[PDB]
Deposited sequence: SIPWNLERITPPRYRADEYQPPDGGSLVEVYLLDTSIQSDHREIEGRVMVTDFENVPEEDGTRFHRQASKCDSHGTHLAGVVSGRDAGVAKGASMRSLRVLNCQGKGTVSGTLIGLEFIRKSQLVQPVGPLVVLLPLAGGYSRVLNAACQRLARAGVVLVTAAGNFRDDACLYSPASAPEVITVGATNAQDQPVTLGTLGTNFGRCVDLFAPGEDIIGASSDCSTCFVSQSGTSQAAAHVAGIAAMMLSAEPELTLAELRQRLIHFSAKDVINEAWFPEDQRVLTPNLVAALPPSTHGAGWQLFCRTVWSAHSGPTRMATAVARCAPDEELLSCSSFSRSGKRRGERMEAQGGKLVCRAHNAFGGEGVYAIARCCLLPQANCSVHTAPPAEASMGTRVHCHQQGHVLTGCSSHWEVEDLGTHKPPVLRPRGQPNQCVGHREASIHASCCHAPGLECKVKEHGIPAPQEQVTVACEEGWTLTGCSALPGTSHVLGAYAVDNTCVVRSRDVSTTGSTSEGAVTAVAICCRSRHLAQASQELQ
């Protein structure tokens, strides 16, 4: 009989973490448990604050979820354990830092292959923990963390909030977000995806062949650590951006009922439940910025990874008080910058970031005049339209904006790419208008024809929010 969670991460067509090592920073573990014996090496690194069966419960279970013989995701995979949580499951930021540093030092002294670091813990937002995680990620290590169990915005917690760490929320057997007493899984834009995190069978430290069911974002993160281990075993050269794009791509989409989340967090929270994978293809993801805040000249910026191309840029405000967005070059690399309106509470910038190798992409801009600009060169394709304005009240390869606004086209030389535009207009002053690319096509750009609150890609659906109205999707695929 297959545990529900292992079935859930099996894709609709299916057929081992061996050159990969998974580090676990957790409680002590019962390393001679039959699930993990011989597979998990205890480093005996310990850095824990003052306060076996109970001390070892959390870590033993998670080691089993990642690598357990019977009930593990990446059966047999190699693990190394560091103890940074005491017998009550409590640790410190400083201890975690020292642990992360220990891992980097070990790698320098004895290099191996890809490393996955599982951090099934959370504290409050920490500048230093976030910085250490980002540095370890930039050094080439893959970090996976729990979103947190506080039924709250994961951006207020660390390392959940950290740039460059894969942050994982918990879903149950009905693909709904997990309740944990009066709390439950965290959510919001710092969560990358969800994974099974309720009623997860795994190694119990009660006895060497015992099993226990546990729930939490820890268990969910352990699933994604296991999936990542297997993905990196199959494709060892993946960059973090390539790995994250695959995690997103292979996830089950739109299975979570978003009503569970607070209203404002619904647009920010990815509707993704992790799964194992089942010719070159265009992968894109939607990157939401931090909110700009209410300052009159506030801007928000959404950025792509170094090996990604920004193919489009949109923006969103709950009130609708916005001055739009522009694509601009920052450190020789295009970013998505959104502008607040004077008297607005703030805006999000929303980047569409894609893996498009050998792409010569550029921005073509026209100032206020409707205002128009086009990708005029032969062999070039339009991937996105953006528009910003200064004022306080307002074909092939062409963008059109309001007469009082600047217009920006993302143009790419990519001969192996075919793009089409799909419009859908609703007369009714309806709160939402959507239009989706066809199966096998990737949405590169989402916008509204020129009072919209904003626009954003959700998977391969373009969504336009209104306080006719036409949603405009640019859809591309490999030829």
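Missing from the model, relative to the deposited sequence, are the ranges 16-23, 60-67, 295-299, 391-394, 420-431, 488-490, 508-518, 531-540.
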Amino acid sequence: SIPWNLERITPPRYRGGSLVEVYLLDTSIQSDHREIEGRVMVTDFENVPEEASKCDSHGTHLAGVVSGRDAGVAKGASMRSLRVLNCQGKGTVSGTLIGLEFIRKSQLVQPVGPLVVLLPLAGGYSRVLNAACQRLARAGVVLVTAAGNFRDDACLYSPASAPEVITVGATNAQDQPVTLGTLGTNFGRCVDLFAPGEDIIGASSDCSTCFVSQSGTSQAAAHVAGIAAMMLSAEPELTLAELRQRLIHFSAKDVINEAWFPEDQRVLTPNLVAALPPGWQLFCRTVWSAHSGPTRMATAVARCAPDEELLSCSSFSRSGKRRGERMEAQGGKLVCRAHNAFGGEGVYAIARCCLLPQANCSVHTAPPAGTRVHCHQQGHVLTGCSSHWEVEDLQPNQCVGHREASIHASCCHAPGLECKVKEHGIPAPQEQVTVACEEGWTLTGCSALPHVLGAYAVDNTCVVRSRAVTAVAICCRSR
From here on, numbers count along this sequence of modelled residues.
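Higher mean CA B-factor, judged across 16-24 and 455-463 from the recorded values: 16-24. Mean CA temperature factor is higher for 417-425 when stretches 29-37 and 417-425 are set side by side in the entry. Comparing C-alpha B-factors across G202, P270, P236, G343 in the deposited entry, the largest value falls on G343. Take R83, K333, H249, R80 and read off each C-alpha B-factor from the entry; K333 has the highest.
Ranked against the other modelled residues of its chain, the C-alpha B-factor of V472 as given in the entry falls in the middle third. Ranked against the other modelled residues of its chain, the C-alpha B-factor of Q107 as given in the entry falls in the lowest third.
Among the modelled residues of the chain, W288 sits in the lowest third by CA temperature factor in this PDB entry. Among the modelled residues of the chain, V42 sits in the middle third by CA temperature factor in this PDB entry. When all modelled residues of the chain are sorted by CA temperature factor, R303 is found within the middle third.
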